[PDB]
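The data below hold one chain only, encoded as structure tokens and taken in the form deposited in one PDB entry.
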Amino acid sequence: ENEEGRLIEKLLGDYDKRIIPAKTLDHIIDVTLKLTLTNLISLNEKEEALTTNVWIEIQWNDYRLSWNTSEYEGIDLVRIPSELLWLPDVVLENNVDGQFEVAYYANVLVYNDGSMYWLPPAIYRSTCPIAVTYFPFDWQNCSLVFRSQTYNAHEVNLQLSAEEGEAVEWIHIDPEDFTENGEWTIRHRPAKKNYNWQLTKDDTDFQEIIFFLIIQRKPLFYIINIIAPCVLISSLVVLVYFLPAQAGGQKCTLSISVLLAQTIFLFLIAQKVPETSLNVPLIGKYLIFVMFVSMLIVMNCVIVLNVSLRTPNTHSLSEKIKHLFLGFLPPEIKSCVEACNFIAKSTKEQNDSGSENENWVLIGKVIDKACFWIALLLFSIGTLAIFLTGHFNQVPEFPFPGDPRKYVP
């Protein structure tokens, strides 16, 4: 016969699960927490939520559920459904949804001395305020805040689990069950007991256990798929300085089209970053910079076209301008005779007008070359600087800058 049947009937008989198991008035139940991360499912940027697949290990002592193993044929561990027992209402407070408690209410391992061991699984969605300053070269500092929803520090004493005397101050990671995210690398994973000193040992919010996850984004996907195309397309603006400054040269076409492509890329980025307004993402800063540079290049194309396509009819080529831009930066017989004279004169005048047009075209070309050099320098420096400051965003060496401890097993 299964003696567990009569043992459990004895234990749960005359047992009230609403009563905190305090032996005396001043007894404080010590509740021990330990988080085992099995999968970092995702960090939803749009809603700023970190989803994790964890096993939360909760341990306490319930003196009511203790027995003498000799009276039950050596049974020293039984499994009782958690719905039948008193539990410390340990919940994830910083949850995006309304899910405070665990997902699946597993059984509780009850040992003969009253030790209760509860290890339910959970899919936790917790708020992670996302810093976009260095997107996509960013590292996020996500937190999981655990505290009792019901009992205050005068009743329940939350603590971190300790094995072999040493406290486990980190998110445990079982090698038998763990999967790499593929987009996020877990760099640090400390855990500490925190206090809200604005409160007192009452109010149920005085004490909490915080498990941290300093995760670094892998940017190769973002580089290859967004940044490299964006830089390559933005670099096309500098080509407009080698197109002819006349009808069919298509300087403005190229410039405006590069501007439109950058706008498309801005829309593309808008689908990847959160809609918060605390900072502009690094890639967003680069996009704004290149769009402004392309606007400047459109203006310069318009100006060079205007200069090149000038004529003596509308504009006069000043001698000072010419010097500056070309010296430093770079019966029947009489009627027939009259007809011939006029023909020669008209040809000469047309040729002179053509020569003036040629001078204007040359001035345009010189301006075009100088502005090409300026634009190339500007674009190269901007790109290099922005993505170098992106590449120099290291994850801090220590989980907490003040502490000298590494918080690793």
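Under this definition, the rigid core comprises the largest set of C-alpha atoms superposing within 1.5 Å between the forms. Sequential numbering from 1, following the sequence displayed.
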| property | result |
| --- | --- |
| Unmodelled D97 in at least one third of other entries with both flanks present | no |
| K322 left out of the model in a third or more of other PDB entries | no |
| Gap size, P331 back to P330 (deposited sequence, no coordinates) | 10 or more |
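The discussion below concerns the form deposited in another entry, not included here.
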| item | value |
| --- | --- |
| Displaced residue between this form and the one not shown, judged on C-alpha after the rigid core is fitted, out of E73, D177, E83, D76 (threshold 2 Å or more) | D177 |
